[PDB]
Amino acid sequence: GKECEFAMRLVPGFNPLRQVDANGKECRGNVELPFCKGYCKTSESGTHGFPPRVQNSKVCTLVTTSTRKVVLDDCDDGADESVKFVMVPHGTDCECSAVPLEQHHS
Amino acid sequence: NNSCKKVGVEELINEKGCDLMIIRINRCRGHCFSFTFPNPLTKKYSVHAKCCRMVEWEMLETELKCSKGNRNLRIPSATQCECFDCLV
C-alpha cells in the first residue's frame, strides 16, 4: 500500500487563522492545510569511516504541484498589504521524502 | 502500529591487495509513523515523525590483512532497534 496518505484538514492554529495588519485591524478565517501521514520505510546502519552512521530516514511529504491562495472572510476594515489572503503550497499525493528533515532552520 | 526490526547483514570486503574477509553486522529496518504539513505561518514544514533507528549499538573492529600494511576497521552493529525521533 501507498507508504503515505493525503487528506485536507484544519490546523487548530489555522482554526481559524488570524492575521494582523498595521493599525491593528485583523482578518480571520479557517484555512485547510494539506496533510500527509503514513509509514515510510526507514533504516539506520553502521558504516566504515566517518560518519559511522547512515540514516535512510524518510517522512510523508506532499508533492507540491501548485500554490493555493486562500482568503480570510471575517475581515476587519482597512486590510492592507499582507492580508486578506495567504499562500499555501498545494498538491494531490504524498511521497516519502527526507527534505522535511534538512530545513531545520538551516 | 510501527515496526523496526534488527536484520543480519553479511558484507564482503573485496579490496585489491588485501585478503578477502567477510563481516557479519546488524542493521535496523522498518516502518514508523510520520505526518508532515506545510506551515505557511512559519513558511516551512511542520513535521511529527518516527524513524527506525538504533537506540544502542556496539563497535566492531577487524584487521584487514593487506599486502602493504594491515588495516584496522571499525563498524557499528545494532543491538536494539526502535522507532524514535528522526532528528535525535
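Reading the values: rules and limits
Residues numbered from 1 in each chain as written, not as in the entry; some residues may be left out. Chains lettered and ligands numbered in written order. Heavy atoms only, no water. Pairing = 2+ DSSP bridges. Helix = DSSP H or I, 4+ residues; strand = E, 2+ residues; numbered from the N terminus. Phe/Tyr/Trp six-rings, centres within 6.5 Å; stacked < 30°, edge-to-face > 60°. Core = buried A, V, L, I, M, F, W, Y, C linked by side-chain atoms within 4.5 Å. Buried < 20%, exposed > 50% of the residue type's maximum accessible area, 1.4 Å probe, protein only. Disulfide = S-S within 2.5 Å.

Its PDB record attributes the structure to X-ray crystallography, giving the resolution as 3.54 Å.

Q: Would you explain the pairing of strand 3 (residues 26-29) of chain A in this entry?
A: In summary, the side chains of a regular strand alternate between the two faces of the sheet. All names here are of chain A. Summarising the sheet, strand 2 (residues 17-20) and strand 3 pair through four bridges and their orientation is antiparallel. In the strand pairing of strand 3, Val-20 is matched with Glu-26. Hairpin connection from strand 2 to strand 3: five residues lie between these consecutive antiparallel strands, with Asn-23 at a positive phi of about 75°.

Q: Honestly, the packing of aromatic side chains in this entry has me stumped. Any pointers?
A: Think of a pair of aromatic rings as described by two things: how far the centres are apart, and how the planes are tilted against each other in angle. This model, assessed by the stated rule, comprises three aromatic pairs over all chains. A connected cluster of aromatic rings, assembled from ring pairs, spans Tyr-39 of chain A together with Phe-33 and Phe-35 of chain B.

Q: Where do I start with the nonpolar core in this structure?
A: Nonpolar side chains in soluble globular proteins tend to be buried together. Among the nonpolar cores identified, the biggest contains 14 residues, and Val-11, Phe-14, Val-31 and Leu-33 of chain A are the most heavily contacted of them. Looking at this core, the elements that each hand over two or more residues are strand 4 (32-46) and strand 7 (85-97) of chain A.

Q: Can you walk me through the state of the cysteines in this structure?
A: All names here are of chain B. Summed over all chains, the structure comprises nine disulfides over all chains. Note that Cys-28 is cross-linked by a disulfide to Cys-81, the S-S spacing being 2.0 Å. Between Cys-28 and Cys-81, the S-S dihedral sits near -90°, and the bridge is therefore left-handed. In this pair, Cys-28 is assigned in strand 2 (residues 21-39) and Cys-81 in strand 4 (residues 71-85), connecting sequence segments 53 residues apart. Classification of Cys-81 as buried rests on a relative accessible area of 15%. A disulfide bridge connects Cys-32 with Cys-83, and the sulfur atoms are separated by 2.0 Å. Taking the sign of the torsion about the S-S bond as the criterion, the disulfide between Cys-32 and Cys-83, at about -75°, is left-handed. In this pair, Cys-32 sits in strand 2 while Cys-83 sits in strand 4, placing the two residues 51 residues apart along the sequence. Taken as a pair, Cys-32 and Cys-83 share a single burial class, namely buried. If you count the bonded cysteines of chain A from the N-terminus, they pair up as 1-5, 2-6, 3-7, 4-8.

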